[PDB]
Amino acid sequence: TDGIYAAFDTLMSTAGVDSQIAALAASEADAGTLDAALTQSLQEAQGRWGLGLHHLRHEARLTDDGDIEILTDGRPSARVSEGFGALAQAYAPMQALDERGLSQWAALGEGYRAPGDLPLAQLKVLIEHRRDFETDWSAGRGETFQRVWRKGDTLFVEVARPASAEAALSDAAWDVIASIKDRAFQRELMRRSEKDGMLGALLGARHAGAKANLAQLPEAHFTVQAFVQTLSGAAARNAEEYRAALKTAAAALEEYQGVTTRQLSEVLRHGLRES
């Protein structure tokens, strides 16, 4: 229960979010301020994780016993103390991914959902008109996927590059593995993988070296998959602003997948005896 703010910060980090809940709390921020930050973080994380739940309202808040409560549409879904896997299980029945790992739910709920591979001439007509609208997924520049919707005064541009948690973890672990120099430690990891796989060898070495059960990785369940760029006012009705926003969104995505993966690699060294 003393790890709950830090566990949360750490869950937000998998999405490139710097929530700073443990810090906020230790500075004696009031509860309203902590709850507003829990919620803004969770919402930002939801735009990156690619679970496909733009149609739900996401909230989080402190409880008296020191826990953090995660809500969807004002209903409790999980508490941070139940663990990161549990939070993933609570979201799973709300999700509907296709085989590309893209959410099949709409973002709007009420409105028109256009084909994602429309002519720009036609998408321009949708963007310049007042009504809310929404576009379905399609491929996009740089081996991405993209869609867009508008809710009132804001245009939401989503770019995704799906990846499973497990695959993104394997990559960070590989990078750690590939850089070990101590020959004795190398030989230890070879043996361990006999029974445990390469992952598993690395994870067992962190626990053994730290002489404790280290905090489970929220990266086993969550990872950066997408970025949502936002536009407002006149710009949210301008087709060239939209096109510029797609490149922005794609560039930010690449950046988040880059540092979050490097940050997982550095955390994975925690506890390693190396030498």
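Numbering starts at 1 and follows the sequence shown.
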* 148-156 versus 108-116 - which carries the larger mean C-alpha B factor in the record -> 108-116
* Asked: Where do the C-alpha atoms have the higher mean temperature factor in this entry, in 234-242 or in 211-219?
  -> 211-219
* To do: Using the entry's values, work out which of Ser193, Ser81, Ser77, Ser138 has the largest Cα B factor.
  => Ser193
* Third of the chain's Cα B-factor distribution that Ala205 belongs to, per the entry -> highest
* Chain third (lowest, middle, highest) by recorded CA B-factor, residue given as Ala6 -> middle
* Structure fact -> By the entry's values, the third containing the CA B factor of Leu87 is the lowest
* Structure fact -> By the entry's values, the third containing the CA B factor of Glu44 is the lowest
